[PDB]
Amino acid sequence: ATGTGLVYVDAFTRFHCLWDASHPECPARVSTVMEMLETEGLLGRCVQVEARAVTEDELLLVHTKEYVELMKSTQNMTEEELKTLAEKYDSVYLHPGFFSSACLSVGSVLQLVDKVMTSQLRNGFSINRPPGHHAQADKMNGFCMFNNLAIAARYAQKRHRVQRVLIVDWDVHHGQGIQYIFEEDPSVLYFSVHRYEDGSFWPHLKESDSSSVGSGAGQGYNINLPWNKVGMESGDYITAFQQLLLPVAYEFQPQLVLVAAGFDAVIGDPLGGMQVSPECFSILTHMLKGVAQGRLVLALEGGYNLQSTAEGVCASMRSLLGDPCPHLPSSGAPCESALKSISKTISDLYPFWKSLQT
Ligand SMILES: CN(C)Cc1ccc(S(=O)(=O)n2ccc(/C=C/C(=O)NO)c2)cc1
Ligand SMILES: [K+]
Ligand SMILES: [K+]
Ligand SMILES: [Zn+2]
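About the criteria used
- Residues numbered from 1 in each chain as written, not as in the entry; some residues may be left out.
- Chains lettered and ligands numbered in written order.
- Heavy atoms only, no water.
- Residues with missing side-chain atoms left out of burial classes, pairs and counts.
- Axes fitted to C-alpha atoms, helices over the stretch in contact; angles between N-to-C directions.
- Helix = DSSP H or I, 4+ residues; strand = E, 2+ residues; numbered from the N terminus.
- Parallel < 35°, antiparallel > 145°, perpendicular 65-115°, else oblique.
- Left-handed = near helix turned anticlockwise from the far one by under 90°.
- Contact = heavy atoms within 4.5 Å.
- Nonpolar A, V, L, I, M, F, W, Y, C, P; charged D, E, K, R; others polar.
- Near = heavy atom within 4 Å.
- Polar contact = N/O pair within 3.5 Å; in protein donor to acceptor, adjacent residues only side chain to side chain.
- Areas by Shrake-Rupley, 256 points an atom, 1.4 Å probe, with all protein chains shown as cover.
- Donors = N, O, S within 2.8 Å, 3.2 Å for Na, K, Ca; no water.
- Buried < 20%, exposed > 50% of the residue type's maximum accessible area, 1.4 Å probe, protein only.
- Pairing = 2+ DSSP bridges.
- 1 Å grid on protein atoms, 1.4 Å probe; cavity = no way out; pocket = protein on both sides within 12 Å on 5 of 7 lines; lining within 4 Å.
- Points joined across faces, edges and corners; volume = space filled by probe spheres on them.
- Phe/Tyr/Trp six-rings, centres within 6.5 Å; stacked < 30°, edge-to-face > 60°.

A.B. asks: What am I meant to see in the packing of helix α8 (residues 234-252) against helix α11 (residues 336-349) here?
C.D. replies: In a pair of packed helices, the angle between the axes and the distance between the axes together describe the arrangement. Close contact between α8 and α11 brings their axes to 10 Å; oriented N to C, the two are set at 20°. Here α8 lies roughly parallel to α11, going by the angle between them. Judged by the twist between their axes, the crossing of α8 over α11 is right-handed. Together, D236, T239, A240, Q243 and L244 of α8 and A338, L339, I342, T345 and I346 of α11 make up the contact between the two elements. Considering only residue class, the contact of α8 with α11 consists of six nonpolar, three polar and one charged.

Written out as structure tokens, the structure is:
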């Protein structure tokens, strides 16, 4: 009843890049996380929750039938056919076990949502791969096949009659797939903090700027915080959460919080270029527990330094378990660049949120 759920299955390690032995999205990502959770004594304090395969109908909450059929067919393809198809998308690989593992990756999040919404667990973390936040209605993208958290949000709405879901994406990349799926939807609030650099950082989209606030019925319910300098630190994230994200979150009154919990913003990541201490994520996780009765589910997205990502997961897990907020190595003030970005996003979202009108 008062526990923290954890999902991990060996299938999460049974796919990898056949044609690039050094691809950063690899099985060692999750096995290293699991090893550190054990050596830190955190794994044994969690409630083990079994994974399950997403159903076709659940995938169709977000993805097209044509795309689901195509992805289902990759389990029977030759390596040459997998490479030919993978190259039709931006930055993906395929593997005979990718579809099977991707279905368990979605399902792991749904399993935690079930436990949390029925008050059987307080919160949970899925240690899943492949990641999801770049996947789109009809295409793979950015190492992702299915959009784990977008499916989970719509599942929570359909299965548990949740009205409002908050998705917080602290991966260093913009989860444009999530943004696109919910762009016109005021019932799912999407917040992303990400490296941008005027579009020079992948995925190079103007829609990743803070001027993209949602459209149609969804205006105000998409919040982008783009960083335009590398080297951001814990203080930059803490400031953004205290004065932008959490004021909006309390005004929105979500009934479930889903976190796209990537750790490629952590110190040492080979792709992210940021300097956030892993301990920062204990603090960010604590803040999110005050909303939605603490009904909080984290799911692994990116993070490609094996040690840094494990440390980030552990720091988040200590907070889910209710351990004391840890002292931070560098509790410095935010930098000028971060403050410019935060001010501009606040400016763009001001008309929609009373809690930002200060
Ligand atoms: C093939 N070798 C060189 C690895 C590689 C390095 C860089 C790029 S990239 O810059 O084009 N790119 C595309 C997607 C992402 C991020 C994914 C993510 O982490 N989401 O969380 C980054 C692609 C591939
Ligand atoms: K992000
Ligand atoms: K939205
Ligand atoms: Zn990422």
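A.B. asks: Could you clarify how one ought to interpret the site of ligand 1 in this entry?
C.D. replies: Looking at ligand 1, the residues that line it are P24, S91, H133, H134, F143, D171, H173, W202, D264, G302 and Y304. Between an oxygen atom of ligand 1 and a side-chain N or O atom of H133, the distance comes to 3.1 Å. About the coverage of ligand 1: the protein hides 68% of its 560 Å² of free accessible area. When the residues that make up the shell around ligand 1 are grouped by side-chain class, the tally is four nonpolar, five polar and two charged.

A.B. asks: How should I be thinking about the coordination of the potassium ion (ligand 3) in this particular structure?
C.D. replies: Note on metal geometry: ideal angles are 109.5 degrees for four donors arranged tetrahedrally and 90 or 180 degrees for six donors arranged octahedrally. Looking at the potassium ion (ligand 3), one finds its protein donor set to be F182 (O), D185 (O), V188 (O) and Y221 (O), positioned 2.7 to 2.9 Å from the metal centre. Taken in chain order, the donor set of the potassium ion (ligand 3) reads F-x2-D-x2-V-x32-Y. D185 matches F182 in its accessibility class, with the two residues each being buried.

A.B. asks: Whenever I open this one, the sheet that holds strand β6 (residues 222-227) confuses me. Can you help?
C.D. replies: Adjacent strands of a sheet form backbone hydrogen bonds with each other and so pair up, either parallel or antiparallel. Across the sheet, eight strands lie side by side as β2-β1-β3-β8-β7-β4-β5-β6; this open sheet has parallel pairing. This sheet does not close on itself; its edge strands, each paired only once, are β2 (47-48) and β6. Bridge count for strand β1 (residues 4-7) against strand β3 (residues 123-126) is four bridges, and the pairing is parallel. From the neighbouring strand, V7 faces β3, where its bridge partner is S126.

A.B. asks: Quick question: what am I supposed to make of empty space enclosed by the protein here?
C.D. replies: Which parts of space are left empty comes out when a probe the size of a water molecule is rolled across the atoms. Here the largest cavity is characterised by a volume of approximately 30 Å³. If you go around the largest cavity, the residues you meet are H173, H174, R195, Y196, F201, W202, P203, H204, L205 and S208. A per-class count over the lining of the largest cavity returns five nonpolar, four polar and one charged.

A.B. asks: Mind showing me how you'd approach the packing of aromatic side chains here?
C.D. replies: In this description, an aromatic ring pair is defined by two values, namely the gap between the centres and the angle between the planes. With the rule as written, the count across this model stands at 14 aromatic pairs. Ring plane angle 70° and centroid distance 6.1 Å describe the contact between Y8 and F12, whose orientation is recorded as edge-to-face. A relative accessible area of 0% means that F12 is categorised as buried. Between the aromatic rings of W227 and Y237, the centroid separation amounts to 5.5 Å while the plane-to-plane angle is 65°, which identifies the pairing as edge-to-face. On the criterion of sequence distance, the pair formed by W227 in strand β6 and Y237 in helix α8 is long-range, its members being ten residues apart. Given a relative accessible area of 0%, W227 falls into the buried group. We classify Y237 as buried; its relative accessible area is 0%. One aromatic cluster is present, formed by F15, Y93 and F98 through successive ring pairs.

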